[PDB]
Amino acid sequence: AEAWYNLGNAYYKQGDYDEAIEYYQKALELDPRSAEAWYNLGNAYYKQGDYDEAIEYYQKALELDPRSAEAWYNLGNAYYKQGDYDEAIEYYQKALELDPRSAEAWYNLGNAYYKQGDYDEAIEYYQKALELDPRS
């Protein structure tokens, strides 16, 4: 499974998402408990704009590794990119329970509230992001 997974990664890194998906699928045929292969399959679908499918595969990754702050964050992002800002908030909150020093997750939580039209909440979360990283 590891060799097919790393072949998929190399294709992913050169932007060949169709081939990455094929080889991640082969990895998952050999090891259906690879949280890494489920996550990277979700990422390849995310890169193609296929958020519905990305969410299915992130959910599988989270069944195997529920302490994946990464999967929770990208699951949030897959809803955010669709305009599903209240779903995004739930998964950014879960990412931040696991990694409360993630300036990225706080910032994106603020962005979701901004997009919901709650500017006072956006301000709180942006202030938290800027406390952790005042450079952007």
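Note that residue numbering follows the sequence shown and begins at 1.
- Stretches compared: 24 to 32, 52 to 60. Higher mean C-alpha B-factor in the entry: 24 to 32.
- Averaged over their C-alpha atoms, the temperature factors of 82 to 90 and 63 to 71 are higher for 63 to 71.
- Residue-level inspection of the entry shows that, of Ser102, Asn40, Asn77, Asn111, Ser102 has the top Cα B-factor.
- Placement of the Cα temperature factor of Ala44 within the chain: lowest third of the modelled residues, per the deposited record.
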